[PDB]
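Structure first, then comments.
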Amino acid sequence: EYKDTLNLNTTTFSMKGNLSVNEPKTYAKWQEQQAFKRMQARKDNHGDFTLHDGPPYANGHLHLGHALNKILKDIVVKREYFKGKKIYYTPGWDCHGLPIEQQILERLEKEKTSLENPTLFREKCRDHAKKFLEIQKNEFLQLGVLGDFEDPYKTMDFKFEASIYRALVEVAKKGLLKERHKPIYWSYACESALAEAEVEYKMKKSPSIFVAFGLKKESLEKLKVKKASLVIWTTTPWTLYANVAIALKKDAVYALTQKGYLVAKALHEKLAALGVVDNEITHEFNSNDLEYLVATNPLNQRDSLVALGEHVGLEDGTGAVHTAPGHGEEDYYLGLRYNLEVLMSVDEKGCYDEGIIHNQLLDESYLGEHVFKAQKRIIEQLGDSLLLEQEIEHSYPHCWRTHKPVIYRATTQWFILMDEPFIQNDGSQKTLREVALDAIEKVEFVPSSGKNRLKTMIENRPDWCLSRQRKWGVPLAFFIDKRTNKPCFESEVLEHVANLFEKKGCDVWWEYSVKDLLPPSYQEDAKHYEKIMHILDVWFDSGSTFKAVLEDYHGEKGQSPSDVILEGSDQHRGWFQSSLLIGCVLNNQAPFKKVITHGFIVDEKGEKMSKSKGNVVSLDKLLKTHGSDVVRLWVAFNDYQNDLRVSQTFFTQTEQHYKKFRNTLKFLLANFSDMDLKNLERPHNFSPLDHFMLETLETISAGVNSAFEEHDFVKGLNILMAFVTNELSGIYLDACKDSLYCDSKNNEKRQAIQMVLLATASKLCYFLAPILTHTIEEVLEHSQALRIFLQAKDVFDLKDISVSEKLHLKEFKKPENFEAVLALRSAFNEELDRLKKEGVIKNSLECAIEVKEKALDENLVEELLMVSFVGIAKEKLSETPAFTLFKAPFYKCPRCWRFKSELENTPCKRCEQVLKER
Ligand SMILES: CC(C)[C@H](N)C(=O)O
Ligand SMILES: [Zn+2]
Numbered sequence: 028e029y030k031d032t033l034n035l036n037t038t039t040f041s042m043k044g045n046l047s048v049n050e051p052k053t054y055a056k057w058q059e060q061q062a063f064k065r066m067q068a069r070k071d072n073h074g075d076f077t078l079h080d081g082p083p084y085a086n087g088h089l090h091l092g093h094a095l096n097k098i099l100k101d102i103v104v105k106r107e108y109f110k111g112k113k114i115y116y117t118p119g120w121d122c123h124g125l126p127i128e129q130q131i132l133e134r135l136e137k138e139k140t141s142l143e144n145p146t147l148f149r150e151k152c153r154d155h156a157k158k159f160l161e162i163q164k165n166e167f168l169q170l171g172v173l174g175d176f177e178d179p180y181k182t183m184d185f186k187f188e189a190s191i192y193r194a195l196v197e198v199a200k201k202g203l204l205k206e207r208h209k210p211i212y213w214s215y216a217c218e219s220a221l222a223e224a225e226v227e228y229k230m231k232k233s234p235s236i237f238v239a240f241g242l243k244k245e246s247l248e249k250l251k252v253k254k255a256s257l258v259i260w261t262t263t264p265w266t267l268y269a270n271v272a273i274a275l276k277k278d279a280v281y282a283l284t285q286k287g288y289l290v291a292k293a294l295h296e297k298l299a300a301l302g303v304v305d306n307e308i309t310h311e312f313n314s315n316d317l318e319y320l321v322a323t324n325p326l327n328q329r330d331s332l333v334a335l336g337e338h339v340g341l342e343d344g345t346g347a348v349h350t351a352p353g354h355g356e357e358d359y360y361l362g363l364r365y366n367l368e369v370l371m372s373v374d375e376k377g378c379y380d381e382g383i384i385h386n387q388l389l390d391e392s393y394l395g396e397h398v399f400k401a402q403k404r405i406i407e408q409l410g411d412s413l414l415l416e417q418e419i420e421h422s423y424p425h426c427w428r429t430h431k432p433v434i435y436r437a438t439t440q441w442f443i444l445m446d447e448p449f450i451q452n453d454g455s456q457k458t459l460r461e462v463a464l465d466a467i468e469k470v471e472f473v474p475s476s477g478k479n480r481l482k483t484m485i486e487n488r489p490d491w492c493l494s495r496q497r498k499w500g501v502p503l504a505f506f507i508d509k510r511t512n513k514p515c516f517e518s519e520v521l522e523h524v525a526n527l528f529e530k531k532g533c534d535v536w537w538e539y540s541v542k543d544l545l546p547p548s549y550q551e552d553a554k555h556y557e558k559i560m561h562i563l564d565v566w567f568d569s570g571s572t573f574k575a576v577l578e579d580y581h582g583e584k585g586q587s588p589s590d591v592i593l594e595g596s597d598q599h600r601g602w603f604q605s606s607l608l609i610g611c612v613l614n615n616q617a618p619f620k621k622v623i624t625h626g627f628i629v630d631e632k633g634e635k636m637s638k639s640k641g642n643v644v645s646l647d648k649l650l651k652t653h654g655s656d657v658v659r660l661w662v663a664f665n666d667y668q669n670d671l672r673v674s675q676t677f678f679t680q681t682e683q684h685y686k687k688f689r690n691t692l693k694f695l696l697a698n699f700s701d702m703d704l705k706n707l708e709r710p711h712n713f714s715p716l717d718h719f720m721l722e723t724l725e726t727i728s729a730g731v732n733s734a735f736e737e738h739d740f741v742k743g744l745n746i747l748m749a750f751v752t753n754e755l756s757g758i759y760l761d762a763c764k765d766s767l768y769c770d771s772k773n774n775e776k777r778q779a780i781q782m783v784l785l786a787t788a789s790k791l792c793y794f795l796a797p798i799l800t801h802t803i804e805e806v807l808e809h810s811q812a813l814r815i816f817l818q819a820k821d822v823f824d825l826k827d828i829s830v831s832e833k834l835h836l837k838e839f840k841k842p843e844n845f846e847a848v849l850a851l852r853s854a855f856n857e858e859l860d861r862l863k864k865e866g867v868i869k870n871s872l873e874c875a876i877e878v879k880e881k882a883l884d885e886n887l888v889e890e891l892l893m894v895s896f897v898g899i900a901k902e903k904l905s906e907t908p909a910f911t912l913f914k915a916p917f918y919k920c921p922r923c924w925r926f927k928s929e930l931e932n933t934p935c936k937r938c939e940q941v942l943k944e945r
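Sequential numbering of the sequence shown, starting at 28, is according to this note's numbering.
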């Protein structure tokens, strides 16, 4: 056998990734060697790119959605680095808020204990955030991501707390921070007000009742009827105690039935079909003539004013709306328009308090009962006034961290106003809603559809309630002047508190006296001031990160506005919106130039993962099973703008993609491993097939790059994979295998092939480096030729090379046109496939071909079809309009296995000379 006389063509680069063992070593080296700092220090940086990290909550281990997020950020950041830019990417953690505090409260409950000291309670929350920040940081690094993880930002840093407070101060000084009294979301489980981002709408079952309020005797006399009762529909019997009015649609017809029920005429047919009221209408009245009549509450016998409500709907209900100003925002405004009582006797824990006794609103037995528990007994107490009881299902607001349904309570809270004109930085006058809508139009959204998701929210959102009644967060640290009952926004007071926060953190707001928290020129008047003890919405904390990270560090951690932020599409309701709003107050523009969103990680069926459903796949399990480079390729090679399903089949497909990339890289490294590096300095004469491959490589490289610039990594990876599978493996490597293994190492044509393979390996490395960074690091570690060719110590020295310059190509060389010869190749292979079926031949090398069209390079035909002979032979096998196939009129060469030998078992002329070489 002559196998030992072939070129060895091997590389130390292994076919097996052994990713579970090798990736941790790579990532630990990048940490020890400070690779990100090295990236930022790269001397030839040209241009800047800032990605501003949206901070995860510092609670719990990372979930799969965190990995998706940081991997996508890493690909985007690494692309910009390898394009040559100085990168800014400081990851951060969201350390305050119910996401941390609720965990402490649940632990205290489970341990059967309490912690009432505010400093010690906050210390427990702060230690909890410190613990999981370190856990999450190290779990991020296990993904192979690069950023300033050894100097991340933290909302609990004292300087950061001061930054958040200084952001709040800017909002106050521009006149947008005001107190309001009105019903808002109230979570009784954590005894706190909430705003929209802290509410999760879920389906919930509820009573649904139709209740008769009888008109008082004097109102019946005014209306000239013997019996009349307005029927209301409500899903909240627990607010009936607080009824003050029944609101009707203005200028609308109301039908009185024979049994004496008064409902909107437009709803009578539906209501009679339900059995709420009887079918016979006796009289019709205009609601304008019913206004200021009075009815009687059947629950507590109190008066109820018949009023006219703006936008009373006739789609559902009865057209008569039970109005409780203490527990509904539109009810509140109507009560004020009619100067009615605001009845609100539900405490911070959602229980009826002594106000139901003092005001005669509800029987004393209900004192202390939770409003939701009391509803069944309230419904029974309604007696004959209850015309119909149903149970319905509806989407209902729940607290984001306690998961309990919220209620609504009239309360005094602090708000950022949306429709209050304020002075713009350029001197003009606009409302916050107007500025934010203008700002959104200047932001690039990827996908574009995200723009209108955020725009619709800004169009419809109410004033933003900022004040919370928990302890773990930044306080709304203003004083109330008792002489004025107004807050003190004097700059000397606010800057004094801000400076204290920067040096000592916000604990002092609880510990110091009012006098110790005031400037020395105010301390004799300290008796007139009281502290506001509410803390800020944690969404204000995170909406302020642009100011605390980008602006307060003066560009050292990135520019404001950032170039890119990248988060789940659920951040339209969260971080995108709060950052937009705060940036529009401070700067009158969004603090980001571009928003890229991704979907959720879901299970095999497309459902969200939760321990309740038992479908959770841990990040640790996924990484140990597949390796991080496979998980990273799974992300990049899929439609990450939508939900990504975790299933064995999809990860097996990704592993097959990774194997094809890795096997291709291994073949390349193996087949230029023996090349004399003196080749790199001299020009080469490339064949037409060589040139076709170089020109194809340039064409697909432009396509991969354009797709990756759009963040369409699927499109670019499909282009790359098709090139690797078809032109590279299917055509070029197949055609080149004979020369690579059987030609002399000194053969000039073989050396030119190796140069093409080096150029191809180089482009594969550049384009895969952002995604498969560990693997390309390993490629360079095993190929001295690649490192010298690219002038690269390691993966962080990669640049986009000019193949033309490195291979000394001539500028006006006319591109190859292989359309005719590739059409012949495809037709030959189909004919060859048929002959292999019949058993006529086993291989293309056994064949000779005579091509009808003599306008084709015959060496190229032989190369591309891998026949052993182009021309006429003696034993005809088949004929087409395009060619005739014969058995090759030679023996198989024992060394190269081509049918080119004149004598049996004797090396062909090429092999003979290679074997004799001195
Ligand atoms: C600010 C935002 C990213 C928030 N901490 C979250 O994890 O949803
Ligand atoms: Zn041979």
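Every residue, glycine too, gets a C-beta built ideally from N, C-alpha and C.
Ligand 1 has a heavy atom closer than 7 angstroms to the beta-carbon of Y84.
When the Cα atoms are used, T438 and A68 turn out to be separated by approximately 54 angstroms. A617 places its beta carbon 8 angstroms or farther from that of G626. According to the DSSP assignment, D330 belongs to the beta strand (DSSP E) that extends over 330 to 336.
Setting aside the 5 residues that flank it on each side, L545 is surrounded in the same chain by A553, each with a C-beta closer than 6 angstroms to its C-beta; the list follows chain order. In the assembly as shown, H354 is a buried residue. Its beta-carbon has 16 or more other beta-carbons within 10 Å.
Contact between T345 and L361 is ruled out by a C-beta separation of about 17 angstroms, above the 8 angstroms threshold. In the three-state reduction of the DSSP assignment, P145 falls in the helix class. Chain order is used for the residues whose beta-carbon lies nearer than 5 angstroms to a heavy atom of ligand 2, namely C920, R922, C923, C935, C938.
At least one heavy atom of ligand 1 lies less than 7 angstroms from the C-beta of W602. The DSSP-derived three-state label of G595 is strand. Beta bridge pairing from DSSP links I450 with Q456. In terms of side-chain proximity, the C-beta atom of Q598 is found nearer than 7 angstroms to a non-hydrogen atom of ligand 1. Excluding the 5 residues flanking it on each side, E418 has same chain C-beta neighbours closer than 8 angstroms at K232, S233, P234, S235, in chain order.
Sequence-distant Cβ neighbours of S728 in its own chain, meaning closer than 6 angstroms and more than five residues away, are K790. When the five nearest sequence neighbours on each side are left out, the beta carbons in the same chain lying within less than 8 angstroms of the beta carbon of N72 are those of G111, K112, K113, in order along the chain. Looking at the backbone, the Cα of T679 and that of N665 are separated by about 13 angstroms. For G119, the shortest C-beta to heavy atom distance toward ligand 1 is 7 angstroms or greater. Beta-bridge partners assigned by DSSP to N315: none are found. A direct Cα-Cα distance of roughly 12 angstroms separates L493 from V198.
When the beta-carbon positions are compared, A322 and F240 come within less than 8 angstroms of each other.
Taken in chain order, the stretch 187 to 211 contains no complete alpha helix (DSSP H) segment of 4 residues or longer.
Proximity of the stretch 734 to 742 to the stretch 799 to 806 falls short of the contact definition, fewer than three beta-carbon pairs being nearer than 8 angstroms. Shown here, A272 sits in a strand according to DSSP, grouped into three states. Taking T32 as reference, the option from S771, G633, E143 with the minimal CA-CA separation is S771.
Secondary structure of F505 (DSSP, three-state): coil. Taking 7 angstroms as the cut-off, the C-beta of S589 does not count as close to any heavy atom of ligand 1. Distance from the CA atom of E136 to the CA atom of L646, rounded to whole angstroms, is 29 angstroms. Placement of the Cβ of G171 at a distance of 7 angstroms or more from every heavy atom of ligand 1 is found.
One thing to note: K164 has its Cβ within 8 angstroms of the Cβ of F176. Proximity to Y359 across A401, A269, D343, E311 peaks at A269, based on C-alpha coordinates.
Remark: the shortest separation between the CB of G454 and any heavy atom of ligand 1 does not fall under 7 angstroms.
Uninterrupted alpha helix (DSSP H) stretches at least 4 residues long and entirely within the stretch 625 to 685 occur at 646 to 653, 655 to 663, given in chain order.
A straight line joining the alpha-carbon of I434 with that of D374 spans about 11 angstroms. Contact annotation: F910 and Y918 have beta-carbon atoms that are not nearer than 8 angstroms. Inclusion of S569 in the 7 angstroms shell around ligand 1 follows from its C-beta lying nearer than that to a non-hydrogen atom of the ligand.
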